[PDB]
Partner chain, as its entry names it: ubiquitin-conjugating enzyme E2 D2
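The data below hold one chain only, encoded as structure tokens and taken in the form deposited without the partner chain.
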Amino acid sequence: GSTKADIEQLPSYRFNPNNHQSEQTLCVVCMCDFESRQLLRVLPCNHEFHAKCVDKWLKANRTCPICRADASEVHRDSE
């Protein structure tokens, strides 16, 4: 499950093939297609992944698996 509190976790939604606006159909981390009802997380660069897959990835790497943009928080009171 999530290792962050809900209000600190990346935003997420459940995949629905009937109303899916994104160009992505594939979780590249596990190389498996998105399926209806699966929980996806979306990074600040707008790339999306299965929640379980990207959580692991970001703990180890901090960067988006696809574009390598750092998904870390931009904090008000630190650099």
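For the two forms, the rigid core is made up of the largest set of C-alpha atoms that agree within 1.5 Å on superposition. Residues that one form lacks are left out of the comparison. Positions refer to the first chain, counted from 1.
S.K.: Quick check on the record: does 49 to 57 or 27 to 35 carry the larger mean Cα temperature factor?
M.R.: Higher mean C-alpha B-factor in the PDB entry: 49 to 57.
S.K.: For the chain shown, is the CA B-factor of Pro17 in the lowest, middle or highest third of its modelled residues?
M.R.: Answer is highest: the recorded C-alpha B-factor places it there.
A second form of this protein, the form deposited with the partner chain bound, is not displayed here; the remarks below concern that form.
S.K.: Do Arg62 and the partner chain share at least one heavy atom pair within 4.5 Å in the entry with it bound?
M.R.: The answer is no: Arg62 has no heavy atom within 4.5 Å of the partner chain.
S.K.: Hey, which residues along 33 to 58 are within 4.5 angstroms of the partner chain in the entry with it bound, non-hydrogen atoms only?
M.R.: Stretch hits, in order: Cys53, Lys56, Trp57.
S.K.: Only counting residues present in both forms, give the runs of 3 or more in a row whose C-alpha shift is 2 Å or more between this form and the one not shown, core aligned.
M.R.: Only this run moves by 2 Å or more: 73 to 76.
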